[PDB]
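> Chains J, J' and L supply the protein sequences, listed in that same order. A prime marks a further copy of an entry chain.
Taking the entry's author numbering, the leading residue of the first sequence gets 1, the next gets one more, and so forth.
Taking the entry's author numbering, the leading residue of the second sequence gets 1, the next gets one more, and so forth.
Taking the entry's author numbering, the leading residue of the third sequence gets 1, the next gets one more, and so forth.
A virtual CB, placed ideally from N, CA and C, is assigned to each residue, including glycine.
Right, I'll just put the structure down here and ask away after.
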Amino acid sequence: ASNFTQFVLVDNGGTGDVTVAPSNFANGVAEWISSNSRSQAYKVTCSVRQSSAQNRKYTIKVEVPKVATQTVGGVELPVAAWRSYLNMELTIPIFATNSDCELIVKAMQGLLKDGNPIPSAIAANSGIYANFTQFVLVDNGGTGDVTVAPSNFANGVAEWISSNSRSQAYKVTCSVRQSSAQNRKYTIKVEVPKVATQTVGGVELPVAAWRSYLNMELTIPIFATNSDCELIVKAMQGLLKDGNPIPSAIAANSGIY
Amino acid sequence: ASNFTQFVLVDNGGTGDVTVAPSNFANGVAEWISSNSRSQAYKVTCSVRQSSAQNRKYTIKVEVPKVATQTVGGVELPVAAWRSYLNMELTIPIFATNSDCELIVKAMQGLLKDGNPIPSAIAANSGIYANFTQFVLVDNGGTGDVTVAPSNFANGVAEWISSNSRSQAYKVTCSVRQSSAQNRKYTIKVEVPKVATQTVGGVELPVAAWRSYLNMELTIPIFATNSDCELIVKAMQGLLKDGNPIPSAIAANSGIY
Amino acid sequence: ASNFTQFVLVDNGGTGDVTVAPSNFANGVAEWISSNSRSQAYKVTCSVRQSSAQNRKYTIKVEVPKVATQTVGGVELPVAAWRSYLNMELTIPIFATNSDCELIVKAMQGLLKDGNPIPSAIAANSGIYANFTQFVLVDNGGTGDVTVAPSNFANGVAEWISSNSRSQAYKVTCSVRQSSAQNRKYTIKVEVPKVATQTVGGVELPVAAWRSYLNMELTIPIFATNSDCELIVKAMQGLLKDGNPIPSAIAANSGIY
Numbered sequence: 001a002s003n004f005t006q007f008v009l010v011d012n013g014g015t016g017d018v019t020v021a022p023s024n025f026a027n028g029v030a031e032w033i034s035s036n037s038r039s040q041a042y043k044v045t046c047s048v049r050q051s052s053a054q055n056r057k058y059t060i061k062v063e064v065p066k067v068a069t070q071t072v073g074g075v076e077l078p079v080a081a082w083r084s085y086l087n088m089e090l091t092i093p094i095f096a097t098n099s100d101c102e103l104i105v106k107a108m109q110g111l112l113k114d115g116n117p118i119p120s121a122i123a124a125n126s127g128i129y130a131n132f133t134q135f136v137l138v139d140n141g142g143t144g145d146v147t148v149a150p151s152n153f154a155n156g157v158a159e160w161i162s163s164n165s166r167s168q169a170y171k172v173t174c175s176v177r178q179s180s181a182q183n184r185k186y187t188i189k190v191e192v193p194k195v196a197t198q199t200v201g202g203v204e205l206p207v208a209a210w211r212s213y214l215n216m217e218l219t220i221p222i223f224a225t226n227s228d229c230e231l232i233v234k235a236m237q238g239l240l241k242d243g244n245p246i247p248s249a250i251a252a253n254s255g256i257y
Numbered sequence: 001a002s003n004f005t006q007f008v009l010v011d012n013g014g015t016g017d018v019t020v021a022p023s024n025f026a027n028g029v030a031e032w033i034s035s036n037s038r039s040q041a042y043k044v045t046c047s048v049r050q051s052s053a054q055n056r057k058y059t060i061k062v063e064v065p066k067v068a069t070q071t072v073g074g075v076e077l078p079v080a081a082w083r084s085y086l087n088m089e090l091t092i093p094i095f096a097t098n099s100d101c102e103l104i105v106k107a108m109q110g111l112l113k114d115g116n117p118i119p120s121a122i123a124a125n126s127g128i129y130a131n132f133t134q135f136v137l138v139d140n141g142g143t144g145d146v147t148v149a150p151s152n153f154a155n156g157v158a159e160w161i162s163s164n165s166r167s168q169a170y171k172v173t174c175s176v177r178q179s180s181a182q183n184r185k186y187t188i189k190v191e192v193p194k195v196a197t198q199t200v201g202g203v204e205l206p207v208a209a210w211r212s213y214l215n216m217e218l219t220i221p222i223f224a225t226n227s228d229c230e231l232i233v234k235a236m237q238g239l240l241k242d243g244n245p246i247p248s249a250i251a252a253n254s255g256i257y
Numbered sequence: 001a002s003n004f005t006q007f008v009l010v011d012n013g014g015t016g017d018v019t020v021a022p023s024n025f026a027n028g029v030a031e032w033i034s035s036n037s038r039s040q041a042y043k044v045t046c047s048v049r050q051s052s053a054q055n056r057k058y059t060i061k062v063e064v065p066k067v068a069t070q071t072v073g074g075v076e077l078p079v080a081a082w083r084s085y086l087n088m089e090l091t092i093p094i095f096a097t098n099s100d101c102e103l104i105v106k107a108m109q110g111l112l113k114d115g116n117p118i119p120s121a122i123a124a125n126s127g128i129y130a131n132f133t134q135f136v137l138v139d140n141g142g143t144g145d146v147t148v149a150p151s152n153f154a155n156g157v158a159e160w161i162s163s164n165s166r167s168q169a170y171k172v173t174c175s176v177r178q179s180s181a182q183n184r185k186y187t188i189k190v191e192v193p194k195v196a197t198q199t200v201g202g203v204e205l206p207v208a209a210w211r212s213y214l215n216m217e218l219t220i221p222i223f224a225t226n227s228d229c230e231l232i233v234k235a236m237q238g239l240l241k242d243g244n245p246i247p248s249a250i251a252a253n254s255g256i257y
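Here's what the structure looks like:
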């Protein structure tokens, strides 16, 4: 309920906090503003939309403006010269118990943790970026964890499904390419499956609702570098961080308000 | 660091050692020469090239010239009548711990060991050659080993993924065919996955960077026989042998210099 | 009194010299040849040409041979088994004063000397040398540095960018590619910018007024052993250091004065 609390997007350390005021957006989505004007601040969207018939989506965008003086006037107009668009339509179950979403929430914070894969990849912007990595999607805590390795490499578009079948494990996809004369994209689809209401496979399973389709389109301009890209990552993880309104909504099978 | 040490390519036994002096090649690659002229010696390349966005490659070639008097002059011109081209663009992770590459290094020496599959196959040149075999890719030592059997046989182009999912195990491919009036090829792709920073699946996994695409194109001329082909194999294994500069580079996520 | 004459270039210890005498210029294309035998001579070019109305392009190719012996038909024919192709196209605008070119030359030749992170690739395994990271290059006295970090490789084309601003960054490329069945070609371009200020529209936009284009294509056959490339690199970079008869033209009035 009303998880609209002013949470810090980028946990830099206290200085220059990208603190974002909640409560906003029109026709079905969410928002979280930072302390500046309508051209240099950070955008943080999050909408709930019943994708199909048994699987509801979660469109969640997050902008990462480059805080630099505009080069089109020579005045003090605060605006970004380029932005790091972060899209992610995370599908999800609904009639399953509350602990099912916790499994998917950790499946988002664990995807971006301090000293982990993607977070330290897209952060250097080059000797590592774009996408395909590994991480225990569900960080349960010593027992019940989900391991997930890789295999195929067709046309440079990978697809990884966990320690189960090619039709019953935590799958994730992606791809990068120079779409035009200036930008690039990170189509990191993270189809997060659900496996809750269970101890360790103790029959009391009766789970419900099938999958999620976390399709992502992270456009990163060629004007970025190492430093500005670590900020892009901190925007992705500071998005789905425990206790924050973005993942907490996705935790109770609920929006925000 | 500077793994450029004179290592013996073919471990024949001391006589006629194909010892190769290191330190060479232009515009991004490596070399290791043998004691002769520029037409009968053995070539041993190895380049590092960031294939995509999160997966860096390892183009590694190795020539196997037939030490026979040239049949185009009747003089003492030392040159090969035919060569056994060995190509292998081995992709790989980078921001993962040093022990991740050890897993992939053994995944190359174990692929060619004394009294094993491929090494005793391509060696007889006929009742066994070309490709598709098995071997514990990662030779850990009694615990944590990776078993990997087979299944499909579509159009004669096999694909084998290990004891996991069709999207999360050690996969490898290949194929052979008479490309022209005189040569043949061994398109032995060995897509080596990574699974490090872990005991035996003890949660402390947090691994990173996805897969490798060790595409291979081993062209073997129809003028070869049993004896000259064992030398071709010893060139493949003496390439990725522990302690040698080729796999040692691939062991520390590094080149040579 | 005659300029463009027999000069000195690539050398090692005391045995064979490489005096490059003059030869042709037909239709605006300089050319230098060495000793008695042309089939073993060191070809080099140079031509002035204004590309449009605000620029001045150039073309300085270089073919480095090999003192081998092709015996075909019972005759020992002294011919090169391969040749280099160091072709540096450089565009210099009219607006760019006579104080930019001096620092451009030491940035093109002063980019690949005898092991720099870019040309060490042209002399050893790590054709990146460093798992491809932030390296050093062109410098002068103690004021501004040029740390060249990584950036892109899409479709097999390495690329390095420097500091904060891309419009003032030092781009550089590198890609492995086997041209046919008996050769190995490469491509290492280089764009050297200028820390100028284009004020158009009242804004001081930090952008380069021009960029260099040191593109060295090098073909190395499979027959050529791992002892030719070492002496090829010191012949391409070891051709234009910081005033050699060929690159002194790239730093002063002297074409070959």
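In terms of residue numbering, what span does the alpha helix (DSSP H) encompassing L:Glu31 cover?
Premise fails: L:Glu31 lies in the beta strand (DSSP E), 30 to 33, not in any alpha helix (DSSP H).
> Give the interface partners of L:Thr173 over in chain J', defined as CB-CB distance under 7 Å, in chain order.
The contacting residues do not exist; L:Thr173 stays about 10 Å from chain J' at best.
> What does the alpha-carbon distance come out to for the pair L:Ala1 and L:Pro22?
15 Å
> How should J':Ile33 be labelled, buried or exposed, when 16 other C-beta atoms within 10 angstroms of its C-beta is the threshold for buried?
With 16 or more other Cβ atoms within 10 Å, it is buried.
> In chain J', what lies closer than 7 Å to J:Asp145 by C-beta?
Listed along chain J' are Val203, each with a C-beta nearer than 7 Å to that of J:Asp145.
> Tell me, which residues are paired with L:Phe135 by DSSP?
L:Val148
> To the nearest angstrom, how far is the alpha carbon of L:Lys194 from that of L:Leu218?
28 Å
> Just to confirm before moving on: does the CB-CB distance between L:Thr173 and L:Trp160 stay below 9 Å?
yes
> Please name the residue in L:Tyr58, L:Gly74, L:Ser84 whose C-alpha comes closest to that of L:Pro65.
Nearest neighbour of L:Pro65 by Cα position, chosen from L:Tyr58, L:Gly74, L:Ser84, turns out to be L:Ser84.
> Under the rule that 16 or more other beta-carbon atoms within 10 Å means buried, what is J:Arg38, buried or exposed?
exposed
> Apart from the five residues on each side of it in sequence, which residues of its chain come closer than 7 Å, Cβ to Cβ, to J:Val67?
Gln40
> Taking all protein chains shown into account, decide if J':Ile222 is buried (16 or more other Cβ within 10 angstroms of its Cβ) or exposed.
exposed
> So with CB distances below 7 Å, who are the chain C contacts of L:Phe132?
You won't find chain C in this structure, because its protein chains are J, J' and L.
> Got a sec, what are the start and stop residues for the beta strand (DSSP E) L:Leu214 sits in?
214 to 216
> Would you mind reading off the limits of the alpha helix (DSSP H) that contains L:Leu231?
Here the alpha helix (DSSP H) through L:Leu231 covers 230 to 236.
> At the 9 Å Cβ level, is J':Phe4 part of the contact set with chain L, yes or no?
Contact with chain L is found for J':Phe4, since one of that chain's Cβ atoms lies less than 9 Å from the residue's Cβ.
> J:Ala251 to L:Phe132, Cα distance in whole Å?
41 Å
> Tell me the start and end of each unbroken beta strand (DSSP E) in the region 140 to 188 of chain J that is at least 3 residues and wholly inside, in chain order.
183 to 186
> Who does J':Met88 pair with in a DSSP beta bridge?
Looking at the DSSP output, J':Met88 shares a beta bridge with J':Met216.
> What's the gap between the Cα of J:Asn215 and the Cα of J':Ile122?
Taking the straight line from one Cα to the other gives about 45 Å.
> Comparing alpha-carbon positions, which option in J':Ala130, J':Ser162, J':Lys57 lies nearest J':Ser151?
J':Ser162
> For the region 159 to 171 of chain J', enumerate the residues whose C-beta is nearer than 9 Å to any C-beta of chain J, in chain order.
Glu159, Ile161, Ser162, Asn164, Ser165, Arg166, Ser167, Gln168, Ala169, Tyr170, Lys171
> Along chain J', in chain order, which residues have C-beta atoms closer than 8 Å to that of J:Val136?
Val203, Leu205, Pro206
> Rounded to whole angstroms, how far is the Cβ of L:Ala149 from the Cβ of J:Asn183, which I believe are closer than 8 Å?
With 8 Å as the limit, L:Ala149 and J:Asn183 do not qualify as a contact, their Cβ atoms being about 19 Å apart.
> Quick one: what's got a C-beta closer than 8 Å to J':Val200's C-beta in the same chain, skipping five residues either side?
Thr143, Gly144
> To the nearest whole angstrom, what separates the beta carbons of J':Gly28 and L:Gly74, a pair I think is in contact under 8 Å?
Between J':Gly28 and L:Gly74 a beta carbon distance of about 39 Å is seen, past the 8 Å cut, so the two are scored as non-contacting.
> Going along chain J, which residues have a C-beta under 7 Å from J':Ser254?
For J':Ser254, there are no C-beta contacts with chain J under 7 Å, since the nearest C-beta of that chain is about 12 Å from it.
> Quick test of the definition: if touching needs 3 or more C-beta pairs under 8 Å, does the region 102 to 121 of chain J' touch the region 230 to 246 of chain J'?
yes
> Report yes if the C-beta of L:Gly127 is less than 8 Å from at least one heavy atom of the ligand PLP; otherwise report no.
For the ligand PLP, the structure offers nothing, since it holds no ligand at all.
> Could you check which residue in J':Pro245, J':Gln198, J':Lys189 has the C-alpha nearest to that of J':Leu90?
J':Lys189
> At a CB distance below 8 Å, what residues from the region 19 to 36 of chain J' approach chain L? Give them in sequence order.
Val20, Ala21, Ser23, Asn24, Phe25, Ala26, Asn27, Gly28, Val29, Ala30, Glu31, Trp32, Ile33, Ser34, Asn36
> By the DSSP assignment, the alpha helix (DSSP H) with J:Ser248 in it spans what residues?
245 to 249
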